[PDB]
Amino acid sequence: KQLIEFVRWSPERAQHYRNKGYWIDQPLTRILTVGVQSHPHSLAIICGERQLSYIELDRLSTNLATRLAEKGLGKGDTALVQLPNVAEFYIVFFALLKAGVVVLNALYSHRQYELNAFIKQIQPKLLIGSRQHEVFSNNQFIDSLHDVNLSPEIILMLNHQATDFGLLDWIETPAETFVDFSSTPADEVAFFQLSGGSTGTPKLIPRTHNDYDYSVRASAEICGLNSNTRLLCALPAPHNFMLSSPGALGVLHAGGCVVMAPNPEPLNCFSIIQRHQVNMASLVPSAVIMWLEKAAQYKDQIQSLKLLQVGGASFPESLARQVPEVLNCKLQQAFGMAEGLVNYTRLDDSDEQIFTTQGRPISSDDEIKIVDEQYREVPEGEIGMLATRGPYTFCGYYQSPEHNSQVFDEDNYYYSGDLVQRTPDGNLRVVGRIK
């Protein structure tokens, strides 16, 4: 009966974020509902040979939602999803948003240790994975959950076996009966993001409809997405970078099309880029380097690329300058975190800004502090610890009041651990990490 708990923004901040237009109090499904009304037959997802229109995506995720509702899964319930980079991932995502099930998307690279940690934390009644994944190749993991009174009520499986509930079977057919369902309320939790760089298992980050949709809508505008955008999704679909900054969600928000890749391997990616005339991609520096090593041989396959986001790790100026020279597309640098704050270089920034900085916050109401060890602000220019709060930055990890007291100060700034300096033009330079 009780919605998943989380740490709320103050009412004065919530009102402000509504007054500014950031929070519009719509569920994340808004992206899909609006696309369906404006352009139902535009492509939403390209995945191998498949083409999913906006309305196909809408129908398929509604189907799964009705089947989960039929089974008693809804508001108050949680789900663990571990899917590879395929269209089913987004059908499942929009199905759980529609049903009011708070979902944690594990990384496809996560193994038993992490999944066990996640299951113990959110006690999901729904588990969705793939039989092709190492963990579900047999039934030992699924069986172990019973031994700890932690079995889900329902397990759905991609590449299922006969005795399994087939994920595609629950997606292709709506439920026989009708049960009502609805999203969690817009200022309540929609799903769980996962921390990056945390010591042990990644910590759970509750994200509400309001704050996630805002960061999606604002990123989309800042990266110039429109209905012609075709964005390669080669990083892990669940990752904050690939899902929302601007990510698949940002492209759906703009009415465009996401184009799937299993991973960033250059030759397969180059092929997909040529086959579907991909014009945007988002990569971490290690993958950029892999593409740089092969781009000259395949200039022709990747010509249609227009814009590359790069972030997630150190990206020195000398590498950045190769992007336009070798990959033949504009560069956009980003520095974000699944906890909230996302920075982009702007499309009209100077070349020095794009090449030597990681940009500036999405929102004019992102508040930044850069502090020393005595937590006093450093003089402009100097290196400090980054602390931040804003209309899409969380207020605390799930069920972690001890840790939360350590990484938030009295004014509820979040201390991300990143070291940064603010350049004279106003942009940020990510310079290292701190314990």
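Counting begins at 1, following the sequence as shown.
As recorded in the PDB entry, 372-380 is the stretch of 372-380 and 53-61 with the greater mean C-alpha temperature factor. Note on 319-327 vs 131-139: mean CA B-factor is higher in 131-139.
Going by the entry's values, 163 shows the largest Cα B-factor out of 332, 85, 163, 193. Taking the PDB entry at face value, the top CA B factor among 363, 227, 240, 297 belongs to 297. Among all modelled residues in its chain, residue 417 ranks in the middle third by Cα B-factor.
In the PDB entry, a CA B factor belonging to the lowest third of its chain's modelled residues is recorded for residue 28. In the PDB entry, residue 159 places in the highest third of its chain by CA B-factor. Among the modelled residues of its chain, residue 74 has a C-alpha B-factor that falls in the middle third, as given in the PDB entry. The entry lists a Cα temperature factor for residue 398 that places it in the middle third of the chain's modelled residues.
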